[PDB]
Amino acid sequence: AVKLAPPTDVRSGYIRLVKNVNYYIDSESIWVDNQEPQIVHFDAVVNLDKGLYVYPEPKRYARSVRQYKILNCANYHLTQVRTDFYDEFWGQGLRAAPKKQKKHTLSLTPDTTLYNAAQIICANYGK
């Protein structure tokens, strides 16, 4: 069925992770906590290798996923706050969201797409 081709060219302001080339940090989404700068909020944006049909209309499918994250660089805890699906790449276009958002905080372990992102974030702001 669906069988799609995420952009090779990086749209300005998006930071590609080495361990998943379709996984990005939206630079413009980044906020470092004013009171505790070890904590930084940001959007993770994933260009999909498969259309996710999460829209009311049958052959409308999501091309990307935008996830609100909160990272504590002190302990590498990553909190998943919300998820939105978009029918274009780079987390734009028509949005669809699940009805209740699953939130979850994960203690990150080494050598995984998320740890990658943490290392970039904390490297930039953790010092």
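One rule holds for the numbers: they count along the sequence shown, beginning at 1.
- For the pair 97-105 and 77-85, the record assigns the higher mean C-alpha temperature factor to 97-105.
- When the C-alpha B-factors of 54-62 and 39-47 are averaged, 54-62 comes out higher.
- In the deposited entry, the Cα temperature factor of residue 17 sits in the middle third of values across the chain's modelled residues.
- When the modelled residues of the chain are ordered by their C-alpha B factor, residue 121 lands in the middle third.
- When all modelled residues of the chain are sorted by CA temperature factor, residue 92 is found within the highest third.
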